[PDB]
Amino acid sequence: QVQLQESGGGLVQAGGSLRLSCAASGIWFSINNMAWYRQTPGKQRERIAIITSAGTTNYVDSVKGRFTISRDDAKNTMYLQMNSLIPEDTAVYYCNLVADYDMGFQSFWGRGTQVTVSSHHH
């Protein structure tokens, strides 16, 4: 019923910036909240930023200040502005949409995109 397409991301030197995107598609659906997850090479998924349909945001410590989650309802798109990148941020980044109560509070996921932050030159 819901489809999440992720764009942006890739290879970038430290200190640089990235912008992830997540477009939501479907014949009809509701939105409770949308979140960005991240998964380091040898760890499980970690919710780093989340936003509700009303605009209320919320962040984890490791990203606070640097990362800015936002949403555009007219285009049903949700961004994560990643600033001051470090090699530790190297991970897979998944988009997440949680529907509201008209649906079963279903949780849809994107396939994931690679944010690779390298230290050396390019």
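In this text, residue numbers run from 1 along the sequence as written.
Select between 45-53 and 82-90 the stretch whose C-alpha atoms have the higher average B-factor in the entry. Comparing 45-53 with 82-90, the higher average CA B-factor belongs to 82-90.
Got a sec? Mean C-alpha B-factor, which is higher, 22-30 or 58-66? It is 58-66 that shows the higher mean C-alpha B-factor.
Lowest, middle or highest third - CA B-factor, residue 76: Its C-alpha B-factor belongs to the lowest third of this chain's values.
Going by the recorded CA B-factors, say which third of the chain residue 3 sits in, lowest, middle or highest. Residue 3: CA B-factor falls in the lowest third of its chain.
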